[PDB]
């Protein structure tokens, strides 16, 4: 009974315009008609705008580390015209043992060194020389990754979206997918003003990927969104922190990193929650501030900014890029966890290749990636 536009035909409908949908759509867009359907009025309102992203490697898991390592080539040397300014800024990471767990510290050093030969093992004095506000009594040693970097997430994100548009793709905000149905050989998505059809449905909906499967009648993966809060605060007068590394506790109880001339802190939490527009909890912010004030001489005045975002995982902690078993044309780009920005170039290129029934590109295979490692089929016996 209500008017709708005539349906729009495409080759791939991408649900979600965050880093997952943008990166996959970027690499698809040279090959066919891409339409990205995004619920919000902007593409980076959810997790992709909430990360203050950092890059490493040295450290998630074999699959995560391989996706991250394979992404660096694009970040450091993206195609001409992709963006105006460098995407990465140097920002070593120092993981400090505040627990007195030398065996764990040595484990993480040996493991990181295997992918990052410049990985170093520091004693407590060396850690305190690098971040001089550390309390020496609280520090037992550290690892140091000289190769870490900060990511200009908004430039990267906007570069992917711009590339889609330059290849005649569409990025449509205020286009929540409300219904999804397999109709005459295509996936057909109803948005509030009209419908969209394509042989391939690319589910890149962040914390909402299982909700999208629910609209489509496709068995979900068991994705678990987890809240992480962060805040920005001023350093004390006389503390010149702008060149400090990313500092993380060995047991991931907190982290602290410069963000320009301010400091970013976080309790590095992972509280399981439903997919929603998540807000910071006061106990998260108070805990992060408490732990920083205990580990360092800093005292924290009232934050300038607080927020939280969702880091969404499947059971094994690995990302998912692959067609659903038994659901023709439904492709998952999911379970980015805490790693969606730093893995986005390899995930985007790999997912687009697999959607198109193509082998993974050599340079990805050389970093120890294969289709099986990415597939949702591994979550089932």
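Residue numbers count along the first chain shown, from 1.
Across the two stretches, 50-58 and 352-360, the PDB entry reports the greater mean Cα temperature factor for 352-360.
Of the two segments, 215-223 and 79-87, the one listed with the higher mean B-factor is 79-87 (C-alpha atoms only). Residues shown: 152, 243, 294, 110. Highest C-alpha temperature factor in the entry: 110. Per the deposited coordinates, the residue with the largest Cα temperature factor out of 254, 74, 231, 187 is 74. When all modelled residues of the chain are sorted by CA temperature factor, residue 43 is found within the middle third. Ranked by C-alpha B-factor against the other modelled residues of its chain, residue 306 falls in the lowest third. When the modelled residues of the chain are ordered by C-alpha B-factor, residue 317 sits in the highest third. Ranked by C-alpha B-factor against the other modelled residues of its chain, residue 31 falls in the middle third.
Sort the modelled residues of the chain by CA B factor and residue 326 lands in the highest third.
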